[PDB]
Each structure stands twice: as structure tokens, then as C-alpha cells.
């Protein structure tokens, strides 16, 4: 019934389900959060990380 893409992406390695709620406070939700500007996600957890989560949801597999 509900879209898992959010519960699916949050499972993305790098985001940090730990920070999910932390970084979310500043962003809508793991839905958009995982898509937060690289500059942010990067200076937030990792340059490559932010670069992965960005391309991760880019191609739904």
C-alpha cells in the first residue's frame, strides 16, 4: 500500500540509519534526505557517501 522506496533507500549504506533521523531533522525524510545536496550529505558523512546515495536512488534496481 505504501511506497517502500523510502524504507528501501534508508537501507542504503552510507546514509547511516543512525543519522537518518538526525540528518532528517534538517531534511524532509529518508526519501528526500537521501537526496539532500551532495555538499551537505558529503560534509555530513562522506564525499563518496553523499555521492553514492545520490546516484543510488538515481537508478532503481
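In the authors' numbering, the protein residues as written are 155 to 215.
Beta carbons are placed, not taken as given, at the ideal position from N, Cα and C, and that holds for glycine.
- Task: Leaving aside the five residues before and after residue 209 along the sequence, list all residues of the same chain whose C-beta is less than 7 Å from its C-beta, in chain order.
- Result: Hits under 7 Å: none found.
- With DSSP collapsed to three states, give me the class of residue 162. helix
- residue 187 burial status per 10 Å Cβ neighbour count (16 or more: buried): buried
- Nearest neighbour of residue 199, chosen from 211, 176, 161 [CA to CA]: For residue 199, the nearest C-alpha among the options comes from 176.
- Message: Tell me which residues share the same chain as residue 190 and place their Cβ nearer than 6 Å to its Cβ, disregarding the 5 neighbours each side in the sequence.
- Response: So the qualifying residues of the chain are 181.
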